[PDB]
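Beneath this line is the structure, given in structure tokens, with notes to follow.
Every residue, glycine as well, gets a Cβ built from its backbone with ideal geometry; the counts of neighbours run over all protein chains shown. Each value in this text was obtained by applying a stated rule to the coordinates, not by laboratory testing.
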Amino acid sequence: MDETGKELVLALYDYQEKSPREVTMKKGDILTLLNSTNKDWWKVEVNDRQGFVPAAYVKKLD
């Protein structure tokens, strides 16, 4: 559980956190998913923090 594909997702383009609900992402960075039930809806963990990120702006398992 430390590779770029299985249980991992690649960033297509950085983001901007202009709110406490939003989240900042970096193109190329790695985002470990904690729970995935929906396609458009994704829930990842960042520094013991939870938020909503653009799943469409990323791809898991290549």
Starting from region 46-62, keep only residues that are within 15 Å of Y15 (Cβ to Cβ), then list their pairs with residues that are small (G, A, S) and surrounded by 10 or more Cβ atoms within 10 Å (Cβ to Cβ) whose Cβ atoms are within a distance under 7 Å, requiring at least 6 positions of separation or different chains. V58/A11
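How many of the residues making up region 46-56 are surrounded by fewer than 14 Cβ atoms within 10 Å (Cβ to Cβ) and not in a strand (DSSP E or B)?
Count: 4.
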Flag if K59 is surrounded by 11 or more Cβ atoms within 10 Å (Cβ to Cβ) and out of contact with any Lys or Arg (no Cβ under 6 Å at 6 or more places or on another chain): yes
Just the residues that are exposed (fewer than 15 other Cβ atoms within 10 Å of the Cβ), under 21 Å from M1 (Cα atoms) and β-branched (V, I, T), please, taken from region 20-45. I30, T32, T37
Single residue of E17, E3 found to be assigned to a loop (DSSP other than H, G, I, E, B) and exposed (fewer than 11 other Cβ atoms within 10 Å of the Cβ): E3
